[PDB]
Amino acid sequence: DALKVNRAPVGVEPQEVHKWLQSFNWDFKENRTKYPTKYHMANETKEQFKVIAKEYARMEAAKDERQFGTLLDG
Amino acid sequence: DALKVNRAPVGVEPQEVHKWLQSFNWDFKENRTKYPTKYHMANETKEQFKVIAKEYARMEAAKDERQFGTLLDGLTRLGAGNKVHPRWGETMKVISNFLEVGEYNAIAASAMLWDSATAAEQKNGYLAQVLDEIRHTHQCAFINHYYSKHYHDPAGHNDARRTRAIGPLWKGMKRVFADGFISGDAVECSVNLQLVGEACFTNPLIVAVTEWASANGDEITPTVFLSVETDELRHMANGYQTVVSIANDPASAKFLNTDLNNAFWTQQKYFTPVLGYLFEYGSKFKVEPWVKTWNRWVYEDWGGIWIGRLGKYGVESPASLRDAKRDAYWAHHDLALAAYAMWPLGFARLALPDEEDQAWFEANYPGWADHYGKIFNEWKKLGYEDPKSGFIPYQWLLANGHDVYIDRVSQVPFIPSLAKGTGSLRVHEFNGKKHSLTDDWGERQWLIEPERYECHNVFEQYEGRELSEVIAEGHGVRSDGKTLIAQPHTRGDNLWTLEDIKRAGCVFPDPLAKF
Amino acid sequence: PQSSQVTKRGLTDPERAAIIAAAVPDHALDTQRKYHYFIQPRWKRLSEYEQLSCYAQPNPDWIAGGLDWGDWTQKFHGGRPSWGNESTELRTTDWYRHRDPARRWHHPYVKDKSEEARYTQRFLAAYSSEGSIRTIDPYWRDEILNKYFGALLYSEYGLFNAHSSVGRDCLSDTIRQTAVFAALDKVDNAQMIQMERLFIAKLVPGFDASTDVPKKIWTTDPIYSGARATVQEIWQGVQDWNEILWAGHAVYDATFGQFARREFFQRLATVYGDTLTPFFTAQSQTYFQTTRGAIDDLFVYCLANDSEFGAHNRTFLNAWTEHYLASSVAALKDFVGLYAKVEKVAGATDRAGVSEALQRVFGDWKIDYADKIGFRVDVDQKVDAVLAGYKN
Amino acid sequence: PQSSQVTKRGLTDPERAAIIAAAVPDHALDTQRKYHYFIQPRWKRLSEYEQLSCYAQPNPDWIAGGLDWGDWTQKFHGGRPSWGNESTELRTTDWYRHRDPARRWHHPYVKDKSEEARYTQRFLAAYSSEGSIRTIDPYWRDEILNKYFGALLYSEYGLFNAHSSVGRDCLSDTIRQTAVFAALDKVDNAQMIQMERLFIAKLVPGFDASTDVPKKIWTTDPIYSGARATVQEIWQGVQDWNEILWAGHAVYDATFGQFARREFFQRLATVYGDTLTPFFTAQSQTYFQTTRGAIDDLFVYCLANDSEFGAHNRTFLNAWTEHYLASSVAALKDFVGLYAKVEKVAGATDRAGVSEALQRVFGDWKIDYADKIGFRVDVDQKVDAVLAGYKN
Amino acid sequence: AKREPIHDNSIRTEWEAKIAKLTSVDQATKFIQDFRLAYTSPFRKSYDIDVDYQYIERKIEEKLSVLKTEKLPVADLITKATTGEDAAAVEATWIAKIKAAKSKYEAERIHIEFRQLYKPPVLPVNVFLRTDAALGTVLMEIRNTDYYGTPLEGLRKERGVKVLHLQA
Amino acid sequence: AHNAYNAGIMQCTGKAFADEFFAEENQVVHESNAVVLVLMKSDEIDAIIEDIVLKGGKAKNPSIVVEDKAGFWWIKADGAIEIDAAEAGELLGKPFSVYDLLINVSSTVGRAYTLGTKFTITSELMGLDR
Amino acid sequence: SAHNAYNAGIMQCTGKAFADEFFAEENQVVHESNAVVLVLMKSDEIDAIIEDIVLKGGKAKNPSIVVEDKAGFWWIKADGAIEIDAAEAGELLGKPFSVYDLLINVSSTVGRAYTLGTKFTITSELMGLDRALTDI
Ligand SMILES: [Cl-]
Ligand SMILES: [Fe+3]
Ligand SMILES: [Fe+3]
């Protein structure tokens, strides 16, 4: 309530958000691709490398700093 | 109002905040430093490199990302960690870890300056310096950390914070850029840590050494050290501001020249022989004679651009300069005799100068071949490098009257019968204790301030004990528990063990028993 | 052509690389590659934080935990050691035991604060472009925020300066890092408050971001009278570096600073339509919890439970807590007079609201600090003591 | 001994380095070291952003601005070119002219978002430790924030997917980067809304962070009916990539998106004691202003003022603005029905306060967009149209 | 003669046995004061435990300190020396003592003896540190007045050393 | 040429150096009007050396000497050395404040400061000289 | 083990010997392989992972693993699957090291790769086509 709460330190990890990504789509008649294709089969697959926008940026920025350090300094 | 506002994109830049820092202080009776000082003059100066916490962090993080990218990505992919000449890889065990304690003590010294500063801007500038000296501690640690992972001999790189305690050279390091900074007048730290320490000696110790690293195949150290020193210009600038405060007040300026001379002699007494020895004997490829390095950085550039310019305002050339210059020419050769003779007490593997080295020493220091060179060649003949010889040169010194003494003040070893640098032995008894002093400047310090200088030396702690027992007790062995970290050669075969040391039967004497 | 020789790189010069390759043994001369492998790990594996930090301080064996020997090479006039046991009343079997749970050596610390530094400027450029300041309550902005949140910067600044003697005197490496990072975060707090004031001055004509009014309020307004007295004592009245750290962070800042920053300015910002201040209090509150993590390890895990000096140390900690909690209660009692100047909001600025805020601050404090050192405290008694300063 | 040769490095191997040193000329064969020196700089000197981005797209001279020649090597069945002028109604003398004023190529873009990513998690770990959730209005938390801020993620998510055909169809490199970076920011916004709800779930027993209720509200609640209709049209109803970017960011998101995010959820969070939501909207609003700077350059500097096609492009931009502004006014009219469910706060949720909020949104939009393409708009008329949906 | 090992030896062991037998604050105070007078500073009475006295002194401090917290009221920990004297009176007495010193040789012995007698846990840490600071200020200023004015030969006489050897 | 790293006595070797080094007039320091600037080699610094220091800088101060010291650039001049970060930023094409310039400014022998976008190391004794 | 070598099989032949195998009738169609290939770019963290994980416990569990030095990267080939637990690597490295951090220097994969918890895995299995041989 106004006094009692669990103050254990917590955040939200990328896979905790990713779990809900599939539910972000909603159904409507025009929800189909714009491009010509022969392939009209069911394709409700799941991602193998769970990532969200914040984690995508962290991963790639980390790669970049090591690369650009090597190049511009060493 | 609720509808109309200027929506131009604006932020707040660091100097906009810094402008208000001086107003962050307020007056109350107790608002004064907690540390003893002779200097009580007006010191409401202005910061030359305006920083705030957020901008401090951004600058240093940007430096770090490049440094660690080079280290962990590029140089590692090249295998650069094992492309170092063994002599130099061994030298970086000593240089990096010894400098690490200088950096670590500089944290505490800078906090004293922080505490003794009266203006909020200077308190702000000294905190940034305190932060930098933490950064440099971890940078020095990181070099040995990296060497431990990628260099062909991690022993000594991987445990110097305990194995340094075995040997005599570490005692003097605890004074030169450590006890000498933090154990005295707080406001005076602007003179000894900064005007002397940072503005004079970090340049050869941290910048110039990177060229010796490069020459000998080490690109790890330049990557780090050259980043370390970028922080130094704020440190010099910090110290210079306070020195202007001291000079502008006649009451405090009357102390400046004496404090400058003691600082300069205190630091040069150890820095000059030890760094010269590490450069010239701890390298294969030499950049230049150490004495020319000293002349360029210490005597001409620091002496001229800082002390000579300040001579316009009553700051005198240090009276000990002539003695210092004599040390710059010979003291590191004197030190090499002590270092090679007592090699089992260190944590590095040493190499006697080869024929090309000897010709280089003699061409650049005429007289070296007949004094130092003949000794090194005789030790080699006697089996200096051979673990089956039972030969350790310290016993040879004693058997020929070449006693080794420890200066009670500076802890620097002294061999009066072989030294060509500045020094003469003085042995005094006081209240039942014998003391050996080695120069006019340190003797005055000890005579005036005996309670400041009570440092036990290796002979007093180790007296009567056999060499291999001291080494084993101090953990001076590799992971097999028997092979010495320290070695008298840099090859991968015929390494010495505790048993090899034991066969020599070396026992520590009392060098002052004869007096 | 330059006067000095162009040094050939041993890494790339073929002749010098060939010489080096001939000298380098074809095998490693030891297999122990863990840097300072002998450090006792606090966690399941030795951390890089520990490797880089631990035993950097060259303590001898007569300072508990040190691996060196002998006296210092140079001491103060009179005989004060470079570092010594005379620096604090607290005792331990090993001063090296402390570990920051955030494992901050210099690099992760500035790396994290660099992120906050750059994101802050991006946020301000966008916030000004947004015009979101248009909906802030003007009286809150001009009469409460600018003046009394600005005055609060002097509390953060004084806590920052309290660490100067700590940075010199404290007895181990991890403690020194914990102390210095805490000091920077405190002066950051002060600089960020002034940054918010300078930023509002760019958006609100006639808004004065001079520190004159905040400083006059800090030094002379009764609302900050108890707080300034406490900070002046913690900063300049003592030199026991454990007393400074404990009284500073675990008592004064954990009660008064938490109430002022979180219960007053941060919470009431979200009652008076202030969309700007929460961005800044988010940083000071993040820094507080990070600082608490390390402070808690030094005093609870290490000193209050040291196998030989735990109860001995709790005796001093309990005496300090008694003194500085009284100082903080007095400071809070003075501070709550500021509620007489704010617009009444039910559950927020009325007596019930203030009572629940003090119940959180004292209740959280009892759990986080008091219970862990054995200090008995009646929360309702401390709440009612502060409410004596609340104008009904 | 491995089966394949351990290749010698030419940089470090003495023999190969000596061979390479012999073959390298003793002087540079040209002095022009500026990568793609021929790019026309937008600012005083060529920026690295332009050097790395500009002319990466290999357009021929029959696509305005292209430096190449000839037909594409392979086309769609039927003959649709790889890229072609048929992809949009707008015309220009050079599709490469666009410049993002933040000068974002990939590296500064992820560098900045990485800062926000890591700092967000430190902020949450500290916010939970602070227990600050304790003073949020429960009705706001459970009935307004969780459900209707939750539902808002579908607007952001739909706007993100609107960029998919833009990323394929648009005609230059700097535009493609702008579009893609804007798309990730939108899906970031949706993911960040879900992150806040998942975070509150860890703090409030019984708080349900599932998307079932938000999705039902987005798809069936009349409050989002007009918004969902617009997003569906912008995303899947058109393929003109300039129309998608214009309608998406410069009309719908600049009117409805800004009202929902900034005037409703961010502003009222600072009325109902919500100290958590402002941290998350601080990011979406920063992203909006960054995207706007890039969107502003494309449609105003480049297209509405193209030396030859300015008036031509304004004809289409005005027709699109007429249509999608009407869509957004209807969306806003539906949306303000949400005020019927919130506790009345004078000057924020009453008719007067909602009117002034609509005056800011429509007034800011007139200055930021309508005035720059010559689109006539009566602000008070648009405010009254939306206020027709407000239950007094 | 032959030193024992550095960190564990019979001298330290034997002294830890003596220390463990202290039972009261008064007893451990006289113990630590007598020890520091006998074995610390350049004016100590004996160098017989030179390489061990600093560790041994650490262990006496630890015993006195625990005995203080066990036996003394909290107010005494803050305001009194374990001699029973008022801590603030100790500070005023010794500051005035050194300010009345007529030479650096009088001032140095005043500062050294103050530390021998009142080093914590005898004096409360806060009072000790500011007193030691005030004293060091006086001692520094008088020692750094004409620092180079006396020749080494004269300094040797004023210090009272027995000159055992001077290299030519 | 008087600002070269190996100027003056540094040209001497062997006994000739020792005789100069131990000469009586050289046992006290000699006031120098020079400054020394050290810049660690990086992509940014090297462009600044080639296109600022060695062009407009040396044209403004012909006493400038730049020497290659493997890992760093060694620079010595009479009076002062200045580097404008705003100029360097136009040269590099990326954002580049005076704070960013100092990232690879390794050492200084002289009085150093920043004022706006400019960095200066000077022989002048600020606070003592007029 | 030998069959997973970079220069295994036909790659040992040179000149006409290689050409005759390369153009043999049976080698004009692909041949199903049970192997996976993993490329790790050399770095401080990766070189530690190769030496103390892949070359010890990894090769212990999967003795068909071959690791070859390709100057700038490590080339690894094995039967069935290769797995690397980012938790084990973090323990070895002594610093924060999630599975996202491990991928920073995972350069290439020939096979079906995925992360599951703290573990990265590349496998010959065709997930979604191959049927699970056990209900467990
Ligand atoms: Cl000339
Ligand atoms: Fe440093
Ligand atoms: Fe420094």
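Computation of the quantities below employed the complete heavy-atom set of this structure, encompassing side-chain atoms and omitting hydrogens, waters and symmetry-equivalent molecules. Each chain gets a letter, A, B and so on, in the order the sequences are listed, and its residues count up from 1. Every number for a ligand or one of its atoms is a count from 1 in the order of the listing.
A salt bridge does not link F:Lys41 to A:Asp73: none of the charged side-chain nitrogens sits closer than 4.0 Å to a carboxylate oxygen.
Take the N/O/S atoms of B:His136: the one nearest the Fe ion (ligand 2) is ND1. The Fe ion (ligand 3) is closest to atom OE2 of B:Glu232 (considering only N, O or S atoms). Residue B:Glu133 approaches the Fe ion (ligand 2) most closely through its N/O/S atom OE1. The N, O or S atom of B:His235 lying closest to the Fe ion (ligand 3) is ND1. The N, O or S atom of B:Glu103 lying closest to the Fe ion (ligand 2) is OE1.
With 2.8 Å as the limit, B:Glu198 counts as an N, O or S neighbour of the Fe ion (ligand 3).
Among B:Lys63, B:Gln67, B:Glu100, B:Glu103, the single residue meeting the side chain to side chain donor-acceptor pair (under 3.5 Å) criterion with B:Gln139 is B:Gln67.
Side-chain contact of B:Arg66 with B:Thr223: a donor-acceptor pair under 3.5 Å is absent, judged by distance alone. Looking at B:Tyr104 and C:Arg176, their side chains do bring a donor and an acceptor atom within 3.5 Å of each other. A donor-acceptor contact under 3.5 angstrom links the side chains of C:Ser3 and F:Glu67, judged on distance only.
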